[PDB]
């Protein structure tokens, strides 16, 4: 029983994502207005996918004012107050030295936890942490942030997000 949906992108047809809000079920990809050189989001069919056949690729061509201005957010994430969850995801990048923050929070943008400013390498790694839903929310969000200046010119790949009751 996982709390998020389509965490490995397997429900989505391969291709460049043209509808950022609704093109990928289970995810919201929208880009901030300060980002003048838009990123490219692509669901890729690839043989080295960690799970299934597909991964999400994010190519960063430019940044805006804040790192959350290029982001992929899993939503809805269906939870229960007081319950401790395990977050697991796989990530790699085309070139060494990409930076990503993996976060979870509510619809008022309060965070329950994060893996902060993680270094991504050219080989798939798992990234994992635990968080507890500390308030009365039942529908929360899991924003991943890509808009760090270090990432300009790089492509970051993610797959296999699972948020599970501990």
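Positions refer to the first chain, counted from 1.
*Asks:* Is the mean CA B factor in the deposited entry higher across 17 to 25 or across 150 to 158?
*Replies:* The stretch with the larger mean CA B-factor is 17 to 25.
*Asks:* Going by the B-factors listed in the PDB entry, is the mean over the C-alpha atoms higher for 31 to 39 or for 53 to 61?
*Replies:* According to the PDB entry, the answer is 31 to 39.
*Asks:* Name the residue from 122, 66, 103, 106 with the greatest C-alpha temperature factor listed in the entry.
*Replies:* Across 122, 66, 103, 106, the entry lists the biggest C-alpha B-factor for 66.
*Asks:* Hey, what third does residue 70 fall into on Cα B-factor, ranked over its chain?
*Replies:* It belongs to the lowest third of the chain when residues are ordered by C-alpha B-factor.
*Asks:* By its CA B factor, does residue 86 count among the lowest, middle or highest third of the modelled residues in the chain?
*Replies:* Tercile = middle for this residue's CA B-factor.
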